[PDB]
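J.: Shown below is the structure under consideration.
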Amino acid sequence: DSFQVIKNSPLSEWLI
Amino acid sequence: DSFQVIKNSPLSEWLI
Amino acid sequence: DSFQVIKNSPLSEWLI
Amino acid sequence: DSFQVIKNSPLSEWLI
Amino acid sequence: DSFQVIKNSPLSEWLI
Amino acid sequence: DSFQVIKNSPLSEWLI
Amino acid sequence: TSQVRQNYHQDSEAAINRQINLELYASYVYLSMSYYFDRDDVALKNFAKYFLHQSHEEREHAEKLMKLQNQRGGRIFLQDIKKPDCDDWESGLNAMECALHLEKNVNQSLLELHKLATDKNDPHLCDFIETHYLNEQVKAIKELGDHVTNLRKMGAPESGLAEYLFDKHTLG
Amino acid sequence: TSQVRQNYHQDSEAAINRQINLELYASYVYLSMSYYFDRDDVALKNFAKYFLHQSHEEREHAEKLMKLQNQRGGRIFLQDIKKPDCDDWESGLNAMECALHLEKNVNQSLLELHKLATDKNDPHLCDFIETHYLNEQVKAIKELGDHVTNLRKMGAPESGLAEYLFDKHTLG
Amino acid sequence: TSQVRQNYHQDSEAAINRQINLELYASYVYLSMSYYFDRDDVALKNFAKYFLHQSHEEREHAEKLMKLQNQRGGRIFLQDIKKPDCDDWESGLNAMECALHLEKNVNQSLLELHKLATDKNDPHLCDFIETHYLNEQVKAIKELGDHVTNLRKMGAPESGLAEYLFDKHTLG
Amino acid sequence: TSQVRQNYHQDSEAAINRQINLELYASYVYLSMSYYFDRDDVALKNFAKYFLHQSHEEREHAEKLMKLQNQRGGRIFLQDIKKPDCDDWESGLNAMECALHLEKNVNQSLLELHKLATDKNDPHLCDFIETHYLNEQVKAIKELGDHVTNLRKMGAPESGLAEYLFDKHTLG
Amino acid sequence: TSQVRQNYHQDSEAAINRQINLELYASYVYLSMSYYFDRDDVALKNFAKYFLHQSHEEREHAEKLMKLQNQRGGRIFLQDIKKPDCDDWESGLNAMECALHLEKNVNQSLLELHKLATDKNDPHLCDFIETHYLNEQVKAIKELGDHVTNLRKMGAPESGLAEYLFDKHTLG
Amino acid sequence: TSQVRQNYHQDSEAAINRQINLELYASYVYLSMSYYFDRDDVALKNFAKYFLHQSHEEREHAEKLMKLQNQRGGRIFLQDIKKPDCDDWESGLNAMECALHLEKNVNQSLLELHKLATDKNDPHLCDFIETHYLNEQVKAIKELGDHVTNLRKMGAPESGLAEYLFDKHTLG
Ligand SMILES: [Fe+3]
Ligand SMILES: [Fe+3]
Ligand SMILES: [Fe+3]
Ligand SMILES: [Fe+3]
Ligand SMILES: [Fe+3]
Ligand SMILES: [Fe+3]
Ligand SMILES: [Fe+3]
Ligand SMILES: [Fe+3]
Ligand SMILES: [Fe+3]
Ligand SMILES: [Fe+3]
Ligand SMILES: [Fe+3]
Ligand SMILES: [Fe+3]
């Protein structure tokens, strides 16, 4: 459950 | 900042 | 000759 | 089954 | 400068 | 052929 | 922007940051698995040792992705490491089933991570996943597959003797 | 016809060619046995290792008959290696029963191969079977006989614990 | 409730769980410190190596508290590991100042953790903090204090030569 | 169907089974090559030793594909190993020409096997062919190419001295 | 035309010949860099030693491409090695900037060389670039990136002490 | 102009720069010789190894002249390295004849280089040529002279056995 939340996160939330 | 949030947490939030 | 017979075999003959 | 087929083969089929 | 001259050379100048 | 071209070059072409 | 950045997309940069959290999250689940079997009412030493090794292995997978982001000119962005979804594991077999289901999820994320490098025409990033992550994710799933099938053949989790003997002969 | 051929019958020459296929066929069955126990739903490592050794042993038995045919002046004739008769083995006990039934069939073929050399008055060929094949075929059948009787005493194939412990203590 | 639980308060049990997150959080900050100095525009190898060692040291401090909770009969409760408060460190001196300010905060949490065991009359828990945590928290603060005072004597962070030479002679 | 099966197509599974027969067939041809040069009227010991090594190398290539099918969750399907197409080789040069023509055929089958994994978007299978099969198939063809060109420079197969000296200096 | 040529395009053959000149040209620039720092008015021994190693490394990269062309059945075509574009380097920092700008240009040529093998469906050539050239071109650019950023932090090229200390601690 | 320049003429300085190109050109011809014998249709391994050693020997002769120019206070001037005059060598004997004709040309250039130092009254430069270049150019020509005369005695290049045996016994 917590694994798919991180996986489905848009790429804009992982850029500085 | 994030260190004091965990430190000030009540003990009831750390018991199973 | 015998090498191309095996090579040209359809994939259906190699599944269980 | 396949073992007895080879075993029962006549000797003429094993000479060059 | 000399690096791009070699790099931009057509492939026909590098075959025997 | 290419060896004598370099060898016959005047010394003025080898000074900085 | 970086002086060493060449043929490195923002989408590939952001996908590496997401993968770093996924390996850091995975080591957190393996850390919660190891110390469950250290409990007095569980008491399976080689099960705890096995999941402790898995915890320090997912940490080095996250550290290697953090190192790869620096060579390509990208900038690491860190987020919260979420807590494991389960605070209690039913047994040794149930933990190997939740670890098999975890590795298959990690492997799925690498496949689309490899599918993004290919679309971006990033051949160096494609070779980095194939050499360090794709090959080891298949042995991990295969090994956990063997462990699960050897557990419910002995009669686990109903048989407490089954867990004890697997903990001794296989994991030890 | 060969310059080194002396006291070598065509019937003895043809019987050696038939035996070469029988050892090559036997190693093919042991190859299919080994990688059945490597499967994820079987996962018996020392069963796979045991049948892998048997596969490379029947190959050297076929290579020694190929070498013996050259010293006696005979000419090797090769045929198709047939596929194993079973593509699925029920369990570890069922594989040891199909391997015991296989060795007894190989031993039977050597007995009439020894009965043909004697009729042909070929004393060198008789001694070659007795030294390299007859002695090792009785230890092989005896060893597989022990393995089968130790499996259905523990309760195999119904007991999955029986296969796992035999795989560890006996085969490992 | 646990069969091995004796003289172990719920408040002491809950305070250990809070401390486990504090060491896990601390290793996350040291992980973000190490790979900042691995960046191409920073490029301080022994600064990255120094904070990488600090990262694996706070992980073993969290693992030893996880192990202590099992011996006393307590149950580990895990929460989110929060991301570090800073994603960029100004320089090597600014990182040593944020690491000195971090260790002093960790030491403060152990002092009230020791003040709770004493109030609960838990002498085994008091000796566990004094032996494994109180002594090493003073050397850590003292060592970081030396590092900070040796950096702004050379002229850091204005002097880029100061960081480079400290990285070579002191940290290397 | 398999618990460890992930991103594995039936077409990729069936293509691996076909390749296993192709390596098993190749080792059968090398086995018939080795014992042709062991014949009394041929008597080339290092030619027999060279093709004997090639026989045990194609067997390990078939065993590695059998092992790869188990990790990916596929099921091995075995067929007849066909007899070699030639029961007599004209000479040492003619055998190196029939072995060069064999390796080029094996290499062709791997290229379309790599072209099927790419179409199926199977990046793990693509890397398995490139690492273990594509690199070694080019050295094999190159080495056999050297051997053939060094044989008809000496005057083989007309010159029996040419075969004898190549057997000594090159193959020995 | 070659007996060992299989799945090898003329465009891939011609692109390898172009790459051979690019590595031979690169070693010529590193040769002119090394002996600039050997000059009496420069006198930086470990700068000369560093660029001398880079000179013999680009020569082995050109020799490995010359060897790869022979295994694939291609024919090497050699052209003039052009003289370096600069006969004087301003300083140690200016040389590391002209070497960083050189490696990034070499890496760019490999990316389109990898993009041509993929278009030609040459999977062996793709794996040869990824294993031997793509991985080492990123460490080279990263390492030169570190060296440049550590030079203008100390105050180079204005500070002659900065070059001398970097030459001692880092390059020595 | 240089602080270490003493008794060093411009003509001697320019003649050293010309010699550096002549050794760099010579190693380029030996590089094209080595990889011609690596070809599949040539396949002479010890001929390729012999000319590969000659390639790395002419590079050190050019590096020693580059080093000598720095000690005497001269400045290195680099030009294009011209491609070898022949892209195909008829045989092993034809390559040894083109290498003998090359060394005799290199030796001629050193003789007038020694004749210029003497005219300039440069005794240090005269001793540098005699110690490092004049002595080794006579052994090189003598050794290549032996190799050529031993090749056309066996019947090369008509005899392909002659090249193969010389490649084994002499060059190997
Ligand atoms: Fe991982
Ligand atoms: Fe893993
Ligand atoms: Fe046998
Ligand atoms: Fe046997
Ligand atoms: Fe601590
Ligand atoms: Fe600490
Ligand atoms: Fe193979
Ligand atoms: Fe091969
Ligand atoms: Fe390179
Ligand atoms: Fe490089
Ligand atoms: Fe020389
Ligand atoms: Fe020489």
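In the structure tokens, chains take letters A, B, ... by order of appearance, with residues numbered from 1 within each chain and ligands from 1 in the order shown.
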How would you write, as a PyMOL selection string, the set of residues no farther than 9 Å from ligand 4 when counting only C-alpha atoms and all ligand atoms?
T.: chain H and resi 23+26+54-55+57-58+61+102-103+106+133+136-137+139-141
J.: Kindly export the residues of the current selection with N, CA and C atoms, as a PDB file, in the first residue's frame.
T.:
ATOM      1  N   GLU H  23      23.702 -44.898 -23.195  1.00  0.00           N
ATOM      2  CA  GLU H  23      24.289 -44.022 -22.186  1.00  0.00           C
ATOM      3  C   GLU H  23      24.013 -42.556 -22.486  1.00  0.00           C
ATOM      4  N   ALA H  26      20.573 -41.994 -21.369  1.00  0.00           N
ATOM      5  CA  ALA H  26      20.472 -41.996 -19.914  1.00  0.00           C
ATOM      6  C   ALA H  26      20.886 -40.654 -19.325  1.00  0.00           C
ATOM      7  N   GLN H  54      24.741 -37.397 -11.939  1.00  0.00           N
ATOM      8  CA  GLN H  54      24.399 -38.596 -12.695  1.00  0.00           C
ATOM      9  C   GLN H  54      24.371 -38.312 -14.190  1.00  0.00           C
ATOM     10  N   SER H  55      24.014 -37.085 -14.573  1.00  0.00           N
ATOM     11  CA  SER H  55      23.991 -36.724 -15.987  1.00  0.00           C
ATOM     12  C   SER H  55      25.393 -36.711 -16.582  1.00  0.00           C
ATOM     13  N   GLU H  57      27.856 -38.374 -15.494  1.00  0.00           N
ATOM     14  CA  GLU H  57      28.473 -39.688 -15.355  1.00  0.00           C
ATOM     15  C   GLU H  57      28.081 -40.601 -16.507  1.00  0.00           C
ATOM     16  N   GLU H  58      26.840 -40.483 -16.988  1.00  0.00           N
ATOM     17  CA  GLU H  58      26.416 -41.286 -18.128  1.00  0.00           C
ATOM     18  C   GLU H  58      27.018 -40.759 -19.420  1.00  0.00           C
ATOM     19  N   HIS H  61      30.393 -42.448 -19.557  1.00  0.00           N
ATOM     20  CA  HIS H  61      30.225 -43.849 -19.927  1.00  0.00           C
ATOM     21  C   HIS H  61      30.021 -43.992 -21.429  1.00  0.00           C
ATOM     22  N   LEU H 102      15.661 -47.097 -14.311  1.00  0.00           N
ATOM     23  CA  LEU H 102      16.499 -46.799 -15.468  1.00  0.00           C
ATOM     24  C   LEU H 102      17.829 -47.537 -15.387  1.00  0.00           C
ATOM     25  N   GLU H 103      18.459 -47.532 -14.209  1.00  0.00           N
ATOM     26  CA  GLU H 103      19.742 -48.212 -14.055  1.00  0.00           C
ATOM     27  C   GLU H 103      19.600 -49.716 -14.247  1.00  0.00           C
ATOM     28  N   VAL H 106      19.658 -50.254 -17.885  1.00  0.00           N
ATOM     29  CA  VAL H 106      21.010 -50.125 -18.425  1.00  0.00           C
ATOM     30  C   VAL H 106      21.837 -51.358 -18.082  1.00  0.00           C
ATOM     31  N   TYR H 133      31.920 -51.370 -16.265  1.00  0.00           N
ATOM     32  CA  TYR H 133      30.470 -51.210 -16.334  1.00  0.00           C
ATOM     33  C   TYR H 133      29.696 -52.144 -15.413  1.00  0.00           C
ATOM     34  N   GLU H 136      30.134 -51.117 -11.559  1.00  0.00           N
ATOM     35  CA  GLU H 136      29.565 -49.834 -11.158  1.00  0.00           C
ATOM     36  C   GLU H 136      28.053 -49.812 -11.328  1.00  0.00           C
ATOM     37  N   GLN H 137      27.499 -50.786 -12.049  1.00  0.00           N
ATOM     38  CA  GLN H 137      26.053 -50.822 -12.230  1.00  0.00           C
ATOM     39  C   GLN H 137      25.368 -51.467 -11.034  1.00  0.00           C
ATOM     40  N   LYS H 139      26.644 -51.130  -7.734  1.00  0.00           N
ATOM     41  CA  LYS H 139      26.676 -50.096  -6.706  1.00  0.00           C
ATOM     42  C   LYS H 139      25.635 -49.018  -6.977  1.00  0.00           C
ATOM     43  N   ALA H 140      25.422 -48.679  -8.251  1.00  0.00           N
ATOM     44  CA  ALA H 140      24.421 -47.675  -8.598  1.00  0.00           C
ATOM     45  C   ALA H 140      23.018 -48.142  -8.237  1.00  0.00           C
ATOM     46  N   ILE H 141      22.687 -49.396  -8.553  1.00  0.00           N
ATOM     47  CA  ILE H 141      21.364 -49.921  -8.232  1.00  0.00           C
ATOM     48  C   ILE H 141      21.203 -50.076  -6.725  1.00  0.00           C
TER      49      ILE H 141
END
J.: Near residue 3 in chain B, within 12 Å and counting only C-alpha atoms, which residues show up once chain neighbours fewer than 3 positions away are dropped, as an MDAnalysis selection string?
T.: (chainID B and resid 6:9) or (chainID I and resid 18:19 21:26 28:29 81:85 101:106 108:109)
J.: Please, which residues of chain D lie no more than 12 Å from chain J when the count uses only C-alpha atoms, and can they be set out as a VMD selection string?
T.: chain D and resid 2 15 to 16
J.: Report chain K as a PDB file with C-alpha atoms, in the first residue's frame in the frame of chain H, after least-squares superposition over all C-alpha atoms paired in order.
T.:
ATOM      1  CA  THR K   1      39.342 -53.172 -42.840  1.00  0.00           C
ATOM      2  CA  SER K   2      41.033 -51.147 -40.110  1.00  0.00           C
ATOM      3  CA  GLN K   3      44.766 -51.696 -39.692  1.00  0.00           C
ATOM      4  CA  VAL K   4      44.365 -52.233 -35.930  1.00  0.00           C
ATOM      5  CA  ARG K   5      41.279 -54.478 -36.160  1.00  0.00           C
ATOM      6  CA  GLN K   6      41.849 -57.970 -34.755  1.00  0.00           C
ATOM      7  CA  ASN K   7      39.272 -60.393 -33.322  1.00  0.00           C
ATOM      8  CA  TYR K   8      36.476 -57.814 -33.559  1.00  0.00           C
ATOM      9  CA  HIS K   9      33.087 -58.931 -34.874  1.00  0.00           C
ATOM     10  CA  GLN K  10      30.584 -56.727 -36.675  1.00  0.00           C
ATOM     11  CA  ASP K  11      27.938 -57.806 -34.156  1.00  0.00           C
ATOM     12  CA  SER K  12      30.168 -56.653 -31.299  1.00  0.00           C
ATOM     13  CA  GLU K  13      30.835 -53.417 -33.194  1.00  0.00           C
ATOM     14  CA  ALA K  14      27.124 -52.764 -33.738  1.00  0.00           C
ATOM     15  CA  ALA K  15      26.274 -53.629 -30.128  1.00  0.00           C
ATOM     16  CA  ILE K  16      28.731 -50.993 -28.891  1.00  0.00           C
ATOM     17  CA  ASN K  17      27.058 -48.341 -31.058  1.00  0.00           C
ATOM     18  CA  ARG K  18      23.692 -49.270 -29.545  1.00  0.00           C
ATOM     19  CA  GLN K  19      25.157 -48.993 -26.044  1.00  0.00           C
ATOM     20  CA  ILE K  20      26.544 -45.524 -26.807  1.00  0.00           C
ATOM     21  CA  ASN K  21      23.026 -44.278 -27.535  1.00  0.00           C
ATOM     22  CA  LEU K  22      21.800 -45.938 -24.333  1.00  0.00           C
ATOM     23  CA  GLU K  23      24.289 -44.022 -22.186  1.00  0.00           C
ATOM     24  CA  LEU K  24      23.654 -40.800 -24.116  1.00  0.00           C
ATOM     25  CA  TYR K  25      19.915 -41.315 -23.620  1.00  0.00           C
ATOM     26  CA  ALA K  26      20.472 -41.996 -19.914  1.00  0.00           C
ATOM     27  CA  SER K  27      22.337 -38.716 -19.401  1.00  0.00           C
ATOM     28  CA  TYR K  28      19.476 -36.903 -21.144  1.00  0.00           C
ATOM     29  CA  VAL K  29      16.988 -38.306 -18.621  1.00  0.00           C
ATOM     30  CA  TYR K  30      19.252 -37.315 -15.733  1.00  0.00           C
ATOM     31  CA  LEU K  31      19.532 -33.833 -17.249  1.00  0.00           C
ATOM     32  CA  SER K  32      15.743 -33.537 -17.283  1.00  0.00           C
ATOM     33  CA  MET K  33      15.640 -34.827 -13.704  1.00  0.00           C
ATOM     34  CA  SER K  34      18.154 -32.312 -12.357  1.00  0.00           C
ATOM     35  CA  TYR K  35      16.410 -29.215 -13.686  1.00  0.00           C
ATOM     36  CA  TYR K  36      12.999 -30.399 -12.514  1.00  0.00           C
ATOM     37  CA  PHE K  37      14.196 -30.076  -8.917  1.00  0.00           C
ATOM     38  CA  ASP K  38      15.638 -26.651  -9.736  1.00  0.00           C
ATOM     39  CA  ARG K  39      12.087 -25.401 -10.342  1.00  0.00           C
ATOM     40  CA  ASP K  40      10.686 -22.797  -7.963  1.00  0.00           C
ATOM     41  CA  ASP K  41       7.695 -24.971  -7.036  1.00  0.00           C
ATOM     42  CA  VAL K  42      10.001 -27.905  -6.287  1.00  0.00           C
ATOM     43  CA  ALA K  43      13.152 -26.233  -4.920  1.00  0.00           C
ATOM     44  CA  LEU K  44      15.273 -29.216  -3.845  1.00  0.00           C
ATOM     45  CA  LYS K  45      18.869 -28.125  -4.393  1.00  0.00           C
ATOM     46  CA  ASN K  46      20.675 -31.333  -3.423  1.00  0.00           C
ATOM     47  CA  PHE K  47      18.246 -33.415  -5.473  1.00  0.00           C
ATOM     48  CA  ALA K  48      19.142 -31.266  -8.481  1.00  0.00           C
ATOM     49  CA  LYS K  49      22.843 -31.569  -7.661  1.00  0.00           C
ATOM     50  CA  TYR K  50      22.556 -35.348  -7.302  1.00  0.00           C
ATOM     51  CA  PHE K  51      20.913 -35.861 -10.700  1.00  0.00           C
ATOM     52  CA  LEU K  52      23.280 -33.362 -12.323  1.00  0.00           C
ATOM     53  CA  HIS K  53      26.207 -35.560 -11.281  1.00  0.00           C
ATOM     54  CA  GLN K  54      24.399 -38.596 -12.695  1.00  0.00           C
ATOM     55  CA  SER K  55      23.991 -36.724 -15.987  1.00  0.00           C
ATOM     56  CA  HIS K  56      27.727 -36.101 -16.375  1.00  0.00           C
ATOM     57  CA  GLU K  57      28.473 -39.688 -15.355  1.00  0.00           C
ATOM     58  CA  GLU K  58      26.416 -41.286 -18.128  1.00  0.00           C
ATOM     59  CA  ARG K  59      28.146 -38.957 -20.584  1.00  0.00           C
ATOM     60  CA  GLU K  60      31.571 -40.308 -19.614  1.00  0.00           C
ATOM     61  CA  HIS K  61      30.225 -43.849 -19.927  1.00  0.00           C
ATOM     62  CA  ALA K  62      29.209 -43.031 -23.500  1.00  0.00           C
ATOM     63  CA  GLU K  63      32.575 -41.374 -24.153  1.00  0.00           C
ATOM     64  CA  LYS K  64      34.472 -44.422 -22.889  1.00  0.00           C
ATOM     65  CA  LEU K  65      32.503 -46.680 -25.232  1.00  0.00           C
ATOM     66  CA  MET K  66      33.230 -44.249 -28.065  1.00  0.00           C
ATOM     67  CA  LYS K  67      36.922 -44.496 -27.181  1.00  0.00           C
ATOM     68  CA  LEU K  68      36.825 -48.295 -26.958  1.00  0.00           C
ATOM     69  CA  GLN K  69      35.334 -48.525 -30.452  1.00  0.00           C
ATOM     70  CA  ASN K  70      38.327 -46.664 -31.900  1.00  0.00           C
ATOM     71  CA  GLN K  71      40.975 -48.878 -30.281  1.00  0.00           C
ATOM     72  CA  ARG K  72      39.318 -52.053 -31.569  1.00  0.00           C
ATOM     73  CA  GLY K  73      39.145 -50.702 -35.125  1.00  0.00           C
ATOM     74  CA  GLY K  74      35.404 -50.114 -35.183  1.00  0.00           C
ATOM     75  CA  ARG K  75      33.602 -47.082 -36.567  1.00  0.00           C
ATOM     76  CA  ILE K  76      31.198 -45.036 -34.450  1.00  0.00           C
ATOM     77  CA  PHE K  77      27.655 -44.674 -35.785  1.00  0.00           C
ATOM     78  CA  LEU K  78      25.532 -42.014 -34.081  1.00  0.00           C
ATOM     79  CA  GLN K  79      21.740 -41.763 -33.973  1.00  0.00           C
ATOM     80  CA  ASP K  80      19.107 -39.499 -32.455  1.00  0.00           C
ATOM     81  CA  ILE K  81      19.116 -39.085 -28.691  1.00  0.00           C
ATOM     82  CA  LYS K  82      15.466 -39.567 -27.779  1.00  0.00           C
ATOM     83  CA  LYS K  83      13.762 -37.225 -25.344  1.00  0.00           C
ATOM     84  CA  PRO K  84      13.021 -38.503 -21.819  1.00  0.00           C
ATOM     85  CA  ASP K  85       9.772 -40.412 -21.465  1.00  0.00           C
ATOM     86  CA  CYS K  86       8.545 -38.175 -18.624  1.00  0.00           C
ATOM     87  CA  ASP K  87       8.563 -34.379 -18.599  1.00  0.00           C
ATOM     88  CA  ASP K  88       7.264 -34.186 -15.015  1.00  0.00           C
ATOM     89  CA  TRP K  89       8.343 -36.197 -11.979  1.00  0.00           C
ATOM     90  CA  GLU K  90       5.816 -36.537  -9.166  1.00  0.00           C
ATOM     91  CA  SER K  91       8.329 -36.020  -6.352  1.00  0.00           C
ATOM     92  CA  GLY K  92      11.796 -36.878  -5.126  1.00  0.00           C
ATOM     93  CA  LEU K  93      10.772 -40.460  -4.378  1.00  0.00           C
ATOM     94  CA  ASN K  94       9.151 -40.834  -7.801  1.00  0.00           C
ATOM     95  CA  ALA K  95      12.372 -39.641  -9.437  1.00  0.00           C
ATOM     96  CA  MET K  96      14.487 -42.121  -7.463  1.00  0.00           C
ATOM     97  CA  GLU K  97      12.078 -44.858  -8.542  1.00  0.00           C
ATOM     98  CA  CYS K  98      12.361 -43.824 -12.193  1.00  0.00           C
ATOM     99  CA  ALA K  99      16.148 -43.681 -11.836  1.00  0.00           C
ATOM    100  CA  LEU K 100      16.308 -47.105 -10.186  1.00  0.00           C
ATOM    101  CA  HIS K 101      14.142 -48.481 -12.993  1.00  0.00           C
ATOM    102  CA  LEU K 102      16.499 -46.799 -15.468  1.00  0.00           C
ATOM    103  CA  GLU K 103      19.742 -48.212 -14.055  1.00  0.00           C
ATOM    104  CA  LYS K 104      18.284 -51.725 -13.956  1.00  0.00           C
ATOM    105  CA  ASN K 105      17.478 -51.334 -17.654  1.00  0.00           C
ATOM    106  CA  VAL K 106      21.010 -50.125 -18.425  1.00  0.00           C
ATOM    107  CA  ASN K 107      22.425 -53.059 -16.452  1.00  0.00           C
ATOM    108  CA  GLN K 108      20.267 -55.494 -18.429  1.00  0.00           C
ATOM    109  CA  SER K 109      21.669 -54.174 -21.712  1.00  0.00           C
ATOM    110  CA  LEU K 110      25.230 -54.703 -20.473  1.00  0.00           C
ATOM    111  CA  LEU K 111      24.500 -58.309 -19.491  1.00  0.00           C
ATOM    112  CA  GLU K 112      23.494 -59.273 -23.032  1.00  0.00           C
ATOM    113  CA  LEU K 113      26.339 -57.124 -24.334  1.00  0.00           C
ATOM    114  CA  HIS K 114      28.618 -59.290 -22.189  1.00  0.00           C
ATOM    115  CA  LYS K 115      26.761 -62.367 -23.447  1.00  0.00           C
ATOM    116  CA  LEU K 116      27.535 -61.402 -27.044  1.00  0.00           C
ATOM    117  CA  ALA K 117      31.262 -60.865 -26.503  1.00  0.00           C
ATOM    118  CA  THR K 118      31.479 -64.304 -24.877  1.00  0.00           C
ATOM    119  CA  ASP K 119      29.675 -65.959 -27.800  1.00  0.00           C
ATOM    120  CA  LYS K 120      31.990 -64.134 -30.231  1.00  0.00           C
ATOM    121  CA  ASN K 121      35.024 -65.302 -28.195  1.00  0.00           C
ATOM    122  CA  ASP K 122      36.077 -61.696 -27.574  1.00  0.00           C
ATOM    123  CA  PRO K 123      37.904 -61.848 -24.216  1.00  0.00           C
ATOM    124  CA  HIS K 124      39.150 -58.252 -24.323  1.00  0.00           C
ATOM    125  CA  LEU K 125      35.612 -56.903 -24.747  1.00  0.00           C
ATOM    126  CA  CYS K 126      34.352 -59.124 -21.914  1.00  0.00           C
ATOM    127  CA  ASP K 127      36.960 -57.721 -19.529  1.00  0.00           C
ATOM    128  CA  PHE K 128      36.135 -54.152 -20.559  1.00  0.00           C
ATOM    129  CA  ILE K 129      32.496 -54.515 -19.504  1.00  0.00           C
ATOM    130  CA  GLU K 130      33.337 -56.280 -16.239  1.00  0.00           C
ATOM    131  CA  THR K 131      35.932 -53.716 -15.168  1.00  0.00           C
ATOM    132  CA  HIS K 132      34.207 -50.475 -16.130  1.00  0.00           C
ATOM    133  CA  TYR K 133      30.470 -51.210 -16.334  1.00  0.00           C
ATOM    134  CA  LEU K 134      29.332 -54.354 -14.499  1.00  0.00           C
ATOM    135  CA  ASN K 135      30.866 -53.414 -11.149  1.00  0.00           C
ATOM    136  CA  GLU K 136      29.565 -49.834 -11.158  1.00  0.00           C
ATOM    137  CA  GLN K 137      26.053 -50.822 -12.230  1.00  0.00           C
ATOM    138  CA  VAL K 138      25.544 -52.862  -9.054  1.00  0.00           C
ATOM    139  CA  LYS K 139      26.676 -50.096  -6.706  1.00  0.00           C
ATOM    140  CA  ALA K 140      24.421 -47.675  -8.598  1.00  0.00           C
ATOM    141  CA  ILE K 141      21.364 -49.921  -8.232  1.00  0.00           C
ATOM    142  CA  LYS K 142      22.207 -50.655  -4.590  1.00  0.00           C
ATOM    143  CA  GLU K 143      22.625 -46.956  -3.788  1.00  0.00           C
ATOM    144  CA  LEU K 144      19.341 -46.014  -5.468  1.00  0.00           C
ATOM    145  CA  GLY K 145      17.710 -48.918  -3.643  1.00  0.00           C
ATOM    146  CA  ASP K 146      18.840 -47.461  -0.321  1.00  0.00           C
ATOM    147  CA  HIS K 147      17.567 -44.010  -1.306  1.00  0.00           C
ATOM    148  CA  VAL K 148      14.099 -45.265  -2.248  1.00  0.00           C
ATOM    149  CA  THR K 149      13.657 -47.325   0.921  1.00  0.00           C
ATOM    150  CA  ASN K 150      14.784 -44.426   3.112  1.00  0.00           C
ATOM    151  CA  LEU K 151      12.221 -42.165   1.448  1.00  0.00           C
ATOM    152  CA  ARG K 152       9.026 -44.153   1.986  1.00  0.00           C
ATOM    153  CA  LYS K 153      10.047 -44.954   5.551  1.00  0.00           C
ATOM    154  CA  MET K 154       9.907 -41.256   6.463  1.00  0.00           C
ATOM    155  CA  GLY K 155       6.464 -41.016   4.832  1.00  0.00           C
ATOM    156  CA  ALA K 156       7.327 -39.652   1.394  1.00  0.00           C
ATOM    157  CA  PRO K 157       5.891 -38.484  -0.973  1.00  0.00           C
ATOM    158  CA  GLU K 158       2.954 -37.491   1.248  1.00  0.00           C
ATOM    159  CA  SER K 159       5.272 -35.893   3.822  1.00  0.00           C
ATOM    160  CA  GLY K 160       6.922 -32.777   2.426  1.00  0.00           C
ATOM    161  CA  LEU K 161       9.119 -32.720   5.520  1.00  0.00           C
ATOM    162  CA  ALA K 162      10.429 -36.158   4.519  1.00  0.00           C
ATOM    163  CA  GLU K 163      11.732 -34.923   1.158  1.00  0.00           C
ATOM    164  CA  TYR K 164      13.250 -31.805   2.728  1.00  0.00           C
ATOM    165  CA  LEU K 165      15.164 -33.698   5.426  1.00  0.00           C
ATOM    166  CA  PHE K 166      16.397 -36.408   3.050  1.00  0.00           C
ATOM    167  CA  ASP K 167      17.560 -33.630   0.723  1.00  0.00           C
ATOM    168  CA  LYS K 168      19.552 -32.113   3.602  1.00  0.00           C
ATOM    169  CA  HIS K 169      21.042 -35.032   5.577  1.00  0.00           C
ATOM    170  CA  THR K 170      21.380 -37.752   2.936  1.00  0.00           C
ATOM    171  CA  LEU K 171      21.885 -35.915  -0.351  1.00  0.00           C
ATOM    172  CA  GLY K 172      23.727 -33.028   1.299  1.00  0.00           C
TER     173      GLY K 172
END
J.: Report, in Å to a single decimal, how far apart CA of residue 5 in chain A and CA of residue 4 in chain B are.
T.: 26.7 Å
J.: In Å to one decimal, how far is CA of residue 10 in chain F from atom 1 (Fe, counted along the ligand's line) of ligand 11?
T.: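 Calculated distance between atom 1 (Fe, counted along the ligand's line) of ligand 11 and CA of residue 10 in chain F is 21.4 Å.
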J.: Just to confirm, what's the straight-line distance from atom 1 (Fe, counted along the ligand's line) of ligand 2 to CA of residue 12 in chain A in Å (one decimal)?
T.: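 Interatomic distance here is 27.1 Å.
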